[PDB]
Amino acid sequence: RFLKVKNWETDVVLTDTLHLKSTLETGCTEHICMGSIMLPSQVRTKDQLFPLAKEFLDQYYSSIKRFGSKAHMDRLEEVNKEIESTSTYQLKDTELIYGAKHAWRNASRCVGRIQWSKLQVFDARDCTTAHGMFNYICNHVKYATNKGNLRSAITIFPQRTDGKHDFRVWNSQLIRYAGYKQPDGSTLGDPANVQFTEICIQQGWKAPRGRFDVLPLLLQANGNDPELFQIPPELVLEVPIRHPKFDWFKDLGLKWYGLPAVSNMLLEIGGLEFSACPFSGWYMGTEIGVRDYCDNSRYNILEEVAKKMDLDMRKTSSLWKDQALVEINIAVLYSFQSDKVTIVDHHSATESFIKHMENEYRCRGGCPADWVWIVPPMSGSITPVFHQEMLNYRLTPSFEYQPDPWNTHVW
Amino acid sequence: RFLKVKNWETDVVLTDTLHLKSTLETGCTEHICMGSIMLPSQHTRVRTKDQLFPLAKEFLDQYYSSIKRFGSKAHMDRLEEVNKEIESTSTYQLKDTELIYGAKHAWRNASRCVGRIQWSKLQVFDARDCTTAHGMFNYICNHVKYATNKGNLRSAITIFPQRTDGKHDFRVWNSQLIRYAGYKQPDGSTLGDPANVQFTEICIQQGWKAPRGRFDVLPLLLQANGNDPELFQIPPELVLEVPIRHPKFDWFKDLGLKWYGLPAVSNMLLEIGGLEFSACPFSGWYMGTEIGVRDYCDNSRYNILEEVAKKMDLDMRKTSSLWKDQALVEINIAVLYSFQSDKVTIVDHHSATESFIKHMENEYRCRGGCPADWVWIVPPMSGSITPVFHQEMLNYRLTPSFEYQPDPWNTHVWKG
Ligand code: HEM
Ligand code: HEM
Ligand SMILES: Cc1cc(N)nc(CCc2cc(CCN(C)C)cc(F)c2F)c1
Ligand SMILES: Cc1cc(N)nc(CCc2cc(CCN(C)C)cc(F)c2F)c1
Ligand SMILES: C[C@H](O)[C@H](O)[C@H]1CNc2nc(N)[nH]c(=O)c2N1
Ligand SMILES: C[C@H](O)[C@H](O)[C@H]1CNc2nc(N)[nH]c(=O)c2N1
Ligand SMILES: [Zn+2]
């Protein structure tokens, strides 16, 4: 019940007591493990809301060494009063900042959590319109990008009330490339964004129909129809992709954007639901070079790179895919580093996470971690996280998935 | 109750009902996932007549179902026979056909095994009449010769007598039938395979005269009927090895690397209808990454990345040059090239994972599911350019099964 995790490369053994504080469910049972399911299933009556608020305030006042004190009891009483009256409540600025940093700290699928405490939280709870949302998002983008010296940030729009007045960013990321289905049946640009690229066109947008067209923002305030906004191109930092050895690499015409900024998740703090809460950090190189570039359901460039490398593509056992894969990921890192845009390779990031785990076990009693997501999509076993046992459990505050708004919106 | 899994690259959705026939626990709960724990409590293995007949009945029901004889007179008589044999003798014996079925289905049920497309073509050698360590040595030699087949490898398992009172166990003390020694030097470095240092020390203590090189095949340490284990040397003409060279880099051979051809796991426990076979070596053929990624490049194994990267003259100062990833690919090319050139059976990780997906889809169609452990099925390099990376997998425990068991030197009561 006081569980232990072993690193099989170093024999370091850590003891986990934090899991006992787990609140939500994993979708596993003792008869079946669902550890590789992408998304298991896992409005609030007045009954459900106050315990959730109590739990959150308890951990907040503990964190500032004021558990069971003056201010703690008062704030519990005050929030207790507000829920009885308004059937909801509002976080003080300090509690909102704490809740957001801890949602990141608790994200068991995130390898970059050693940075969790440096998050810049932009309070946008006074926003009322999509034009105002656009303004907050431009400021976020500019602040986070910082001319290539990327800084972590989250912007938090007003919380859900009755489900009718939801704030939503319809984009999955603030910055993503368009995808178009060609007449000849193929796909131009990013195939993952074909449907969204249509809900932009088939709703107003005017597509350049290129291979790397920055999508517009589709912003929904207070439950109204969403509105199209173009991010000022001067705010969208992009990196042309070249190789430090293959001069033909530059001729491939590849680029990527510097800022990874997830915008479709739900931030839950003390029972309150923030349905629009775009957050951003900086890339790990494999996210672009392995997944974005080489997935068969994405830009899928492996064949073309290997052909330009003149590798033997007759038999899989020549490992031509693996050879091209390494080079593509050398070029991504080389290009970001050359343009002075923050990026981390998978070796450095997983080493940081092991140190972060050791820190969290030593100072917090544990660190929930999802091995299936933490281990990078290339060279898995030469990174230290491959040999690290991890316990996965759900702590709150948390980031959660939510349905795509176009399947839900009372249009 | 039905359950769905999705392949996120193809959008193929499959429906699992087989998990309903699961009994053993996983280690997970509603509040914690233990999916990345190497040996959970439930995957490891002291058994009385109390719980044995229901385990036998379940196995015999499965067996007679697969042969389309469920409820037949042969089925009912066999249940009656096993029942009376249990109450009178406290255990029972499997027929040859049941043992073959059981061993094949233990492999079929091995959720961490990516090679299960081959499960129905397993050669089962019945060594239940064995009584002495020398008899074990002879059975293992025939297994190695048959399975090796001059490079054209064949899957096989040899099954020694089942456990009785746990005081007379048959055990192969080696973790694999063929493995290289490892020696800790006084300066703290290791010669050979660091994973085998502890077992190497036991062999030396038992009287093995060690050549003390980097690729010495370990002797067999064999325990019959709960007696002290005895040392045996596999005939070298039976140990097929492959010198590792690279198809473009002529300096690669000068690294002096080789590996053996036959992967043969010898420390696991085979459970069939409540019976425990503590000595059941099994063998197949290698997937290239097992050698090229894990054996050669794990920091805690031969750990050749640096010396390989040096000879390639990559930028080794910063990790963002991916010199480690670049060396890793070339080493894995060398392993596959060497085995194929010597006509020793091997499969690369692209082929093996593709076969597994086809196997898994077929198992969902004809069996209602396929228990699979993503953490183990995804290869240790180039994960997401294989199709299993994108495959949702349900992991649950079916019997018959292979289980872990403690190392015998930790439990054995020495005779002297
Ligand atoms: C600063 C550098 C960061 C790095 C290098 C990083 C890296 C990653 C990576 C590689 C993933 C895997 C997901 C995928 O492959 O698509 C991930 C997941 C995630 N990240 Fe981080 N991240 C960073 C910052 C942040 C920040 C600032 C937040 C929120 C404040 C965050 C929250 C999350 C969440 C919630 C997930 C998983 C979503 C899920 O549960 O499916 N990350 N991260
Ligand atoms: C025929 C070619 C085969 C291939 C390519 C293959 C491949 C693999 C691989 C790569 C693993 C992962 C384990 C590791 O990385 O150390 C594995 C696990 C396993 N294999 Fe197979 N295997 C084959 C045949 C067999 C046979 C014949 C059996 C038994 C009759 C078997 C039973 C198992 C079991 C029980 C495990 C799980 C070990 C555990 O639970 O920790 N395999 N296999
Ligand atoms: C801030 C940040 C930094 C970084 N380096 N990478 C990312 C992308 C990670 C990410 C991806 C997804 C898509 C899930 N996929 C199955 C479609 C959802 C998320 F919530 C998430 F955080 C974000
Ligand atoms: C027949 C066969 C074919 C193949 N290609 N590879 C293998 C080795 C895989 C393997 C490794 C282990 C050690 C686990 N670790 C804790 C050291 C245990 C096993 F039961 C197992 F099957 C076997
Ligand atoms: C099916 C499987 O769960 C799916 O492919 C997961 C596997 N691991 C992952 N890991 C990361 N970091 N990102 C992903 O999108 C995925 N996808
Ligand atoms: C901690 C983790 O469970 C452990 O390192 C596992 C990960 N996946 C693996 N997968 C395979 N095939 N073989 C292994 O030894 C491991 N080791
Ligand atoms: Zn689980």
# chains A, B, ... in the order shown; residues from 1 in each chain; ligands from 1
$ residues_near_ligand --ligand "ligand 3" --cutoff "10 Å" --atoms "only C-alpha atoms and all ligand atoms" --output "JSON, numbers by chain"
{"A": [38, 39, 104, 107, 109, 110, 111, 112, 113, 152, 153, 154, 172, 173, 192, 258, 259, 260, 261, 262, 263, 264, 265, 266, 278, 279, 280, 281, 282, 283, 284, 285, 286, 287, 288, 343, 344, 373, 399, 400, 401], "B": [8]}
$ write_last_selection --atoms "C-alpha atoms" --output "PDB file, in the first residue's frame"
ATOM      1  CA  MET A  38      -5.600   6.680 -25.530  1.00  0.00           C
ATOM      2  CA  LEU A  39      -8.693   8.175 -23.857  1.00  0.00           C
ATOM      3  CA  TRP A 104       0.691  20.701 -14.832  1.00  0.00           C
ATOM      4  CA  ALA A 107      -0.071  15.647 -15.665  1.00  0.00           C
ATOM      5  CA  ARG A 109       1.682  12.020 -19.403  1.00  0.00           C
ATOM      6  CA  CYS A 110       3.947  15.099 -19.474  1.00  0.00           C
ATOM      7  CA  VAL A 111       7.720  14.576 -19.604  1.00  0.00           C
ATOM      8  CA  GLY A 112       8.430  18.302 -19.191  1.00  0.00           C
ATOM      9  CA  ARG A 113       7.101  18.705 -15.669  1.00  0.00           C
ATOM     10  CA  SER A 152       5.791  28.520 -20.309  1.00  0.00           C
ATOM     11  CA  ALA A 153       2.363  30.112 -19.977  1.00  0.00           C
ATOM     12  CA  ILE A 154      -1.352  29.430 -19.604  1.00  0.00           C
ATOM     13  CA  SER A 172      -6.568  21.810 -30.851  1.00  0.00           C
ATOM     14  CA  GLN A 173      -3.408  23.938 -30.758  1.00  0.00           C
ATOM     15  CA  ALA A 192      -4.682  15.454 -38.765  1.00  0.00           C
ATOM     16  CA  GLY A 258       8.261  27.131 -32.594  1.00  0.00           C
ATOM     17  CA  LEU A 259       5.387  27.311 -30.083  1.00  0.00           C
ATOM     18  CA  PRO A 260       3.488  24.169 -28.961  1.00  0.00           C
ATOM     19  CA  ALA A 261       0.280  25.534 -27.413  1.00  0.00           C
ATOM     20  CA  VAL A 262      -2.496  23.097 -26.480  1.00  0.00           C
ATOM     21  CA  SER A 263      -5.888  24.778 -26.524  1.00  0.00           C
ATOM     22  CA  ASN A 264      -8.640  22.116 -26.374  1.00  0.00           C
ATOM     23  CA  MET A 265      -8.210  20.700 -22.866  1.00  0.00           C
ATOM     24  CA  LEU A 266     -10.225  21.280 -19.690  1.00  0.00           C
ATOM     25  CA  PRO A 278      -4.615  27.322 -23.778  1.00  0.00           C
ATOM     26  CA  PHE A 279      -1.166  26.487 -22.444  1.00  0.00           C
ATOM     27  CA  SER A 280       2.233  26.455 -24.073  1.00  0.00           C
ATOM     28  CA  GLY A 281       5.826  25.465 -23.449  1.00  0.00           C
ATOM     29  CA  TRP A 282       8.532  24.376 -25.865  1.00  0.00           C
ATOM     30  CA  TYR A 283       8.978  21.318 -28.062  1.00  0.00           C
ATOM     31  CA  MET A 284      10.810  18.110 -27.488  1.00  0.00           C
ATOM     32  CA  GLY A 285      12.429  17.418 -30.853  1.00  0.00           C
ATOM     33  CA  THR A 286      10.804  14.015 -31.444  1.00  0.00           C
ATOM     34  CA  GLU A 287       7.309  15.556 -31.272  1.00  0.00           C
ATOM     35  CA  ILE A 288       8.084  17.201 -34.634  1.00  0.00           C
ATOM     36  CA  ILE A 343      13.971  23.016 -28.075  1.00  0.00           C
ATOM     37  CA  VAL A 344      15.019  19.968 -26.075  1.00  0.00           C
ATOM     38  CA  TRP A 373       3.484   8.454 -22.942  1.00  0.00           C
ATOM     39  CA  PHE A 399      -6.035  18.794 -17.215  1.00  0.00           C
ATOM     40  CA  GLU A 400      -8.720  16.625 -18.797  1.00  0.00           C
ATOM     41  CA  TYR A 401      -9.961  15.965 -22.299  1.00  0.00           C
TER      42      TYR A 401
ATOM     43  CA  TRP B   8      -5.173   5.298 -34.122  1.00  0.00           C
TER      44      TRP B   8
END
$ residues_near_ligand --ligand "ligand 2" --cutoff "7 Å" --atoms "only C-alpha atoms and all ligand atoms" --output "list in words"
residues 103, 104, 107, 110, 111, 112, 113, 114, 115, 116, 118, 119, 122, 155, 156, 157, 282, 283, 284, 285, 286, 287, 290, 347, 352, 376, 377, 402 and 403 of chain B
$ write_last_selection --atoms "C-alpha atoms" --output "short mmCIF file (atom, residue, chain, number, x, y, z; two decimals), in the first residue's frame"
data_model
loop_
_atom_site.label_atom_id
_atom_site.label_comp_id
_atom_site.auth_asym_id
_atom_site.auth_seq_id
_atom_site.Cartn_x
_atom_site.Cartn_y
_atom_site.Cartn_z
CA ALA B 103 2.19 -25.42 -23.65
CA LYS B 104 0.90 -23.98 -26.93
CA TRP B 107 2.63 -19.10 -25.35
CA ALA B 110 1.85 -14.55 -23.17
CA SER B 111 0.76 -10.91 -23.42
CA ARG B 112 4.35 -9.58 -23.50
CA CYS B 113 5.39 -11.78 -26.45
CA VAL B 114 5.41 -10.12 -29.86
CA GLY B 115 6.18 -13.39 -31.66
CA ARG B 116 2.89 -15.14 -30.92
CA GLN B 118 3.88 -18.60 -34.41
CA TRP B 119 2.20 -20.06 -31.30
CA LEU B 122 5.59 -25.19 -31.17
CA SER B 155 10.37 -23.18 -31.85
CA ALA B 156 10.51 -25.77 -29.10
CA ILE B 157 9.84 -26.38 -25.41
CA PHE B 282 11.57 -22.83 -24.49
CA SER B 283 13.24 -21.32 -27.53
CA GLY B 284 12.37 -19.51 -30.71
CA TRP B 285 14.43 -17.09 -32.75
CA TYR B 286 15.61 -13.53 -32.15
CA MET B 287 14.13 -10.20 -33.03
CA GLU B 290 16.83 -7.83 -28.56
CA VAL B 347 13.34 -11.08 -37.70
CA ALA B 352 7.69 -8.75 -36.31
CA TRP B 376 6.67 -4.82 -23.79
CA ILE B 377 5.29 -5.25 -27.32
CA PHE B 402 4.16 -18.73 -18.18
CA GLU B 403 4.95 -17.09 -14.86
#
$ interface_residues --of "chain A" --to "chain B" --cutoff "7 Å" --atoms "only C-alpha atoms" --output "PDB file with N, CA and C atoms, in the first residue's frame"
ATOM      1  N   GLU A   9      18.010   0.163 -14.552  1.00  0.00           N
ATOM      2  CA  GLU A   9      19.342   0.516 -15.017  1.00  0.00           C
ATOM      3  C   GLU A   9      20.258   0.896 -13.859  1.00  0.00           C
ATOM      4  N   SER A  22      -4.895   9.834  -4.281  1.00  0.00           N
ATOM      5  CA  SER A  22      -5.570   9.845  -5.573  1.00  0.00           C
ATOM      6  C   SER A  22      -7.081   9.914  -5.397  1.00  0.00           C
ATOM      7  N   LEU A  24      -9.555  10.503  -8.560  1.00  0.00           N
ATOM      8  CA  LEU A  24     -10.263   9.959  -9.710  1.00  0.00           C
ATOM      9  C   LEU A  24      -9.761   8.549 -10.044  1.00  0.00           C
ATOM     10  N   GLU A  25     -10.326   7.971 -11.104  1.00  0.00           N
ATOM     11  CA  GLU A  25     -10.121   6.575 -11.456  1.00  0.00           C
ATOM     12  C   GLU A  25      -9.294   6.447 -12.727  1.00  0.00           C
ATOM     13  N   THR A  26      -8.597   5.307 -12.852  1.00  0.00           N
ATOM     14  CA  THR A  26      -7.679   5.083 -13.968  1.00  0.00           C
ATOM     15  C   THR A  26      -8.315   4.352 -15.141  1.00  0.00           C
ATOM     16  N   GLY A  27      -9.469   3.723 -14.956  1.00  0.00           N
ATOM     17  CA  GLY A  27      -9.993   2.830 -15.965  1.00  0.00           C
ATOM     18  C   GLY A  27      -9.414   1.431 -15.933  1.00  0.00           C
ATOM     19  N   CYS A  28      -8.372   1.190 -15.140  1.00  0.00           N
ATOM     20  CA  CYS A  28      -7.907  -0.172 -14.912  1.00  0.00           C
ATOM     21  C   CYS A  28      -8.726  -0.837 -13.815  1.00  0.00           C
ATOM     22  N   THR A  29      -8.706  -2.165 -13.824  1.00  0.00           N
ATOM     23  CA  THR A  29      -9.192  -2.983 -12.726  1.00  0.00           C
ATOM     24  C   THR A  29      -8.157  -4.064 -12.442  1.00  0.00           C
ATOM     25  N   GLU A  30      -8.372  -4.824 -11.369  1.00  0.00           N
ATOM     26  CA  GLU A  30      -7.445  -5.921 -11.110  1.00  0.00           C
ATOM     27  C   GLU A  30      -7.582  -7.052 -12.120  1.00  0.00           C
ATOM     28  N   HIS A  31      -8.625  -7.051 -12.943  1.00  0.00           N
ATOM     29  CA  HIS A  31      -8.760  -8.057 -13.980  1.00  0.00           C
ATOM     30  C   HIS A  31      -8.306  -7.581 -15.354  1.00  0.00           C
ATOM     31  N   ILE A  32      -8.062  -6.285 -15.544  1.00  0.00           N
ATOM     32  CA  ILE A  32      -7.651  -5.811 -16.860  1.00  0.00           C
ATOM     33  C   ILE A  32      -6.924  -4.477 -16.723  1.00  0.00           C
ATOM     34  N   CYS A  33      -5.817  -4.347 -17.450  1.00  0.00           N
ATOM     35  CA  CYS A  33      -5.065  -3.107 -17.494  1.00  0.00           C
ATOM     36  C   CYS A  33      -5.386  -2.405 -18.802  1.00  0.00           C
ATOM     37  N   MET A  34      -5.825  -1.152 -18.691  1.00  0.00           N
ATOM     38  CA  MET A  34      -6.099  -0.301 -19.837  1.00  0.00           C
ATOM     39  C   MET A  34      -5.031   0.760 -20.031  1.00  0.00           C
ATOM     40  N   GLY A  35      -3.804   0.474 -19.589  1.00  0.00           N
ATOM     41  CA  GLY A  35      -2.728   1.455 -19.616  1.00  0.00           C
ATOM     42  C   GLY A  35      -2.399   2.020 -20.984  1.00  0.00           C
ATOM     43  N   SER A  36      -2.787   1.338 -22.065  1.00  0.00           N
ATOM     44  CA  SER A  36      -2.480   1.821 -23.408  1.00  0.00           C
ATOM     45  C   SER A  36      -3.699   2.381 -24.133  1.00  0.00           C
ATOM     46  N   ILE A  37      -4.815   2.577 -23.441  1.00  0.00           N
ATOM     47  CA  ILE A  37      -5.980   3.188 -24.066  1.00  0.00           C
ATOM     48  C   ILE A  37      -5.740   4.688 -24.128  1.00  0.00           C
ATOM     49  N   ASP A 295       4.939  10.047 -38.846  1.00  0.00           N
ATOM     50  CA  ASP A 295       3.727   9.247 -38.710  1.00  0.00           C
ATOM     51  C   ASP A 295       3.110   9.009 -40.084  1.00  0.00           C
ATOM     52  N   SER A 297      -0.027   8.700 -40.642  1.00  0.00           N
ATOM     53  CA  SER A 297      -1.237   9.504 -40.709  1.00  0.00           C
ATOM     54  C   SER A 297      -0.945  10.998 -40.641  1.00  0.00           C
ATOM     55  N   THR A 316      12.705  -4.261 -45.371  1.00  0.00           N
ATOM     56  CA  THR A 316      12.631  -3.526 -44.113  1.00  0.00           C
ATOM     57  C   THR A 316      13.870  -3.755 -43.253  1.00  0.00           C
ATOM     58  N   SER A 317      14.482  -4.950 -43.335  1.00  0.00           N
ATOM     59  CA  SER A 317      15.627  -5.283 -42.486  1.00  0.00           C
ATOM     60  C   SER A 317      16.889  -4.472 -42.804  1.00  0.00           C
ATOM     61  N   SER A 318      16.902  -3.619 -43.834  1.00  0.00           N
ATOM     62  CA  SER A 318      17.999  -2.668 -43.982  1.00  0.00           C
ATOM     63  C   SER A 318      17.894  -1.503 -43.003  1.00  0.00           C
ATOM     64  N   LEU A 319      16.767  -1.395 -42.298  1.00  0.00           N
ATOM     65  CA  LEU A 319      16.515  -0.330 -41.325  1.00  0.00           C
ATOM     66  C   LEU A 319      16.629   1.056 -41.963  1.00  0.00           C
ATOM     67  N   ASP A 322      14.584   3.572 -40.013  1.00  0.00           N
ATOM     68  CA  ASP A 322      15.249   4.018 -38.798  1.00  0.00           C
ATOM     69  C   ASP A 322      16.383   4.980 -39.114  1.00  0.00           C
ATOM     70  N   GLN A 323      17.080   4.753 -40.227  1.00  0.00           N
ATOM     71  CA  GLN A 323      18.200   5.604 -40.604  1.00  0.00           C
ATOM     72  C   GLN A 323      17.722   7.002 -40.967  1.00  0.00           C
ATOM     73  N   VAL A 326      16.490   9.008 -37.819  1.00  0.00           N
ATOM     74  CA  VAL A 326      17.514   9.692 -37.033  1.00  0.00           C
ATOM     75  C   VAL A 326      17.898  11.013 -37.698  1.00  0.00           C
ATOM     76  N   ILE A 330      17.822  14.780 -36.365  1.00  0.00           N
ATOM     77  CA  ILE A 330      19.012  15.613 -36.230  1.00  0.00           C
ATOM     78  C   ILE A 330      18.747  16.996 -36.813  1.00  0.00           C
ATOM     79  N   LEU A 333      16.371  19.390 -34.533  1.00  0.00           N
ATOM     80  CA  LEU A 333      17.157  19.965 -33.449  1.00  0.00           C
ATOM     81  C   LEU A 333      18.171  20.970 -33.982  1.00  0.00           C
ATOM     82  N   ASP A 345      16.156  17.953 -26.813  1.00  0.00           N
ATOM     83  CA  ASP A 345      16.157  16.604 -27.374  1.00  0.00           C
ATOM     84  C   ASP A 345      15.621  15.591 -26.358  1.00  0.00           C
ATOM     85  N   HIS A 347      16.928  12.955 -25.223  1.00  0.00           N
ATOM     86  CA  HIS A 347      17.864  12.481 -24.211  1.00  0.00           C
ATOM     87  C   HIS A 347      17.878  13.431 -23.023  1.00  0.00           C
ATOM     88  N   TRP A 371       4.048   5.659 -18.310  1.00  0.00           N
ATOM     89  CA  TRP A 371       5.184   5.152 -19.074  1.00  0.00           C
ATOM     90  C   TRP A 371       4.921   5.165 -20.583  1.00  0.00           C
ATOM     91  N   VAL A 372       3.723   4.752 -20.993  1.00  0.00           N
ATOM     92  CA  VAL A 372       3.348   4.671 -22.400  1.00  0.00           C
ATOM     93  C   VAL A 372       3.528   6.016 -23.109  1.00  0.00           C
ATOM     94  N   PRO A 377       9.113   8.377 -28.666  1.00  0.00           N
ATOM     95  CA  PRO A 377       8.743   7.493 -29.778  1.00  0.00           C
ATOM     96  C   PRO A 377       9.906   7.024 -30.634  1.00  0.00           C
ATOM     97  N   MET A 378      11.148   7.368 -30.295  1.00  0.00           N
ATOM     98  CA  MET A 378      12.304   6.741 -30.921  1.00  0.00           C
ATOM     99  C   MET A 378      13.341   6.454 -29.846  1.00  0.00           C
ATOM    100  N   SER A 379      14.204   5.473 -30.118  1.00  0.00           N
ATOM    101  CA  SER A 379      15.336   5.181 -29.236  1.00  0.00           C
ATOM    102  C   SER A 379      14.907   4.975 -27.783  1.00  0.00           C
ATOM    103  N   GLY A 380      13.703   4.442 -27.568  1.00  0.00           N
ATOM    104  CA  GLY A 380      13.158   4.248 -26.231  1.00  0.00           C
ATOM    105  C   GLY A 380      14.120   3.748 -25.160  1.00  0.00           C
ATOM    106  N   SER A 381      14.831   2.656 -25.417  1.00  0.00           N
ATOM    107  CA  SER A 381      15.575   2.010 -24.337  1.00  0.00           C
ATOM    108  C   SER A 381      16.956   2.605 -24.106  1.00  0.00           C
ATOM    109  N   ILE A 382      17.419   3.542 -24.940  1.00  0.00           N
ATOM    110  CA  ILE A 382      18.642   4.248 -24.580  1.00  0.00           C
ATOM    111  C   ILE A 382      18.343   5.539 -23.825  1.00  0.00           C
ATOM    112  N   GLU A 389      10.402   2.064 -13.680  1.00  0.00           N
ATOM    113  CA  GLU A 389       9.026   1.776 -13.290  1.00  0.00           C
ATOM    114  C   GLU A 389       8.316   3.072 -12.893  1.00  0.00           C
ATOM    115  N   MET A 390       7.039   3.170 -13.253  1.00  0.00           N
ATOM    116  CA  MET A 390       6.235   4.361 -12.987  1.00  0.00           C
ATOM    117  C   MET A 390       4.853   3.936 -12.520  1.00  0.00           C
ATOM    118  N   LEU A 391       4.300   4.663 -11.553  1.00  0.00           N
ATOM    119  CA  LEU A 391       2.928   4.448 -11.126  1.00  0.00           C
ATOM    120  C   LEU A 391       2.072   5.542 -11.729  1.00  0.00           C
ATOM    121  N   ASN A 392       0.970   5.150 -12.353  1.00  0.00           N
ATOM    122  CA  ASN A 392       0.054   6.102 -12.954  1.00  0.00           C
ATOM    123  C   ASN A 392      -1.218   6.171 -12.119  1.00  0.00           C
ATOM    124  N   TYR A 393      -1.558   7.378 -11.678  1.00  0.00           N
ATOM    125  CA  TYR A 393      -2.782   7.640 -10.940  1.00  0.00           C
ATOM    126  C   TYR A 393      -3.144   9.105 -11.152  1.00  0.00           C
TER     127      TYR A 393
END
$ residues_around --residues "residue 7 in chain A" --least-positions-apart "3" --cutoff "6 Å" --atoms "only C-alpha atoms" --output "number ranges by chain"
A: 10-12, 387-389
$ closest_residue --among "B:72, B:354, B:100, B:331" --to "residue 303 in chain B" --atoms "only C-alpha atoms"
B:331
$ select_by_dssp --residues "range 202-248 of chain A" --states "strand (DSSP E)" --output "JSON, numbers by chain"
{"A": [217, 218, 219, 220, 227, 228, 229, 238, 239, 240]}
$ write_last_selection --atoms "N, CA and C atoms" --output "compact mmCIF listing (two decimals), in the first residue's frame"
# COMPACT_ATOMS: atom_id res chain seq x y z
N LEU A 217 -7.70 31.20 -35.91
CA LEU A 217 -8.31 30.83 -34.64
C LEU A 217 -9.83 30.85 -34.76
N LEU A 218 -10.47 29.87 -34.13
CA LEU A 218 -11.93 29.77 -34.07
C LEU A 218 -12.32 29.86 -32.60
N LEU A 219 -12.76 31.03 -32.17
CA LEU A 219 -12.90 31.34 -30.76
C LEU A 219 -14.38 31.47 -30.40
N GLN A 220 -14.77 30.83 -29.30
CA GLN A 220 -16.16 30.79 -28.87
C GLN A 220 -16.25 31.34 -27.45
N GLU A 227 -15.78 32.55 -33.94
CA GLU A 227 -15.39 33.57 -34.90
C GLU A 227 -13.97 33.32 -35.37
N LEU A 228 -13.71 33.63 -36.63
CA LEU A 228 -12.39 33.43 -37.21
C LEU A 228 -11.49 34.64 -36.96
N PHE A 229 -10.25 34.37 -36.56
CA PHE A 229 -9.24 35.40 -36.37
C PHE A 229 -7.92 34.88 -36.89
N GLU A 238 8.39 30.62 -36.89
CA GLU A 238 8.58 29.38 -37.64
C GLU A 238 10.06 29.16 -37.91
N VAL A 239 10.41 27.88 -38.08
CA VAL A 239 11.79 27.42 -38.26
C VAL A 239 11.91 26.63 -39.56
N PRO A 240 12.59 27.14 -40.58
CA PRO A 240 12.88 26.31 -41.75
C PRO A 240 13.81 25.17 -41.38
